[PDB]
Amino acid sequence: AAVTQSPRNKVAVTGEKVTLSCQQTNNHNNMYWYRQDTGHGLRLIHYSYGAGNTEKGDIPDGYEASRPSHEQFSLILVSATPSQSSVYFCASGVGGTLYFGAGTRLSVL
């Protein structure tokens, strides 16, 4: 698809540094990282307006992001904790258009 995330699944142990990666072929400037949890829906973690830029979303604590290039947006869990166990969704967008990746299930032990 036009937005792909790696890995598809990840199991980490408490304290592990985890990197989720998201690659797009849409040529969209903006990219977003969300987590999805029961009751909350999709909450915005960090986003980016272009290469080298990242901006904090609604729940940035615990996570760093990096946008090394136009095509790539990475989410870093600096020291995994069980409350970060979730399904993570990368998206690219222009205007009101959102194009989601298929999601990464993460389980922290």
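Residue indices: 1-based, along the sequence shown.
*Asks:* Looking only at CA atoms, which has the higher mean B factor in the entry: 7-15 or 85-93?
*Replies:* On average, C-alpha B-factors are higher across 7-15.
*Asks:* Which one of 31, 45, 42, 80 shows the top CA temperature factor in the record?
*Replies:* It is 80.
*Asks:* Based on the deposited C-alpha B factors for this chain, I'd like to know if residue 72 is in the lowest, middle or highest third.
*Replies:* It falls in the middle third of the chain.
*Asks:* Could you say whether, by C-alpha temperature factor, residue 53 belongs to the lowest, middle or highest third of its chain?
*Replies:* Lowest third, going by the recorded CA B-factors of the chain.
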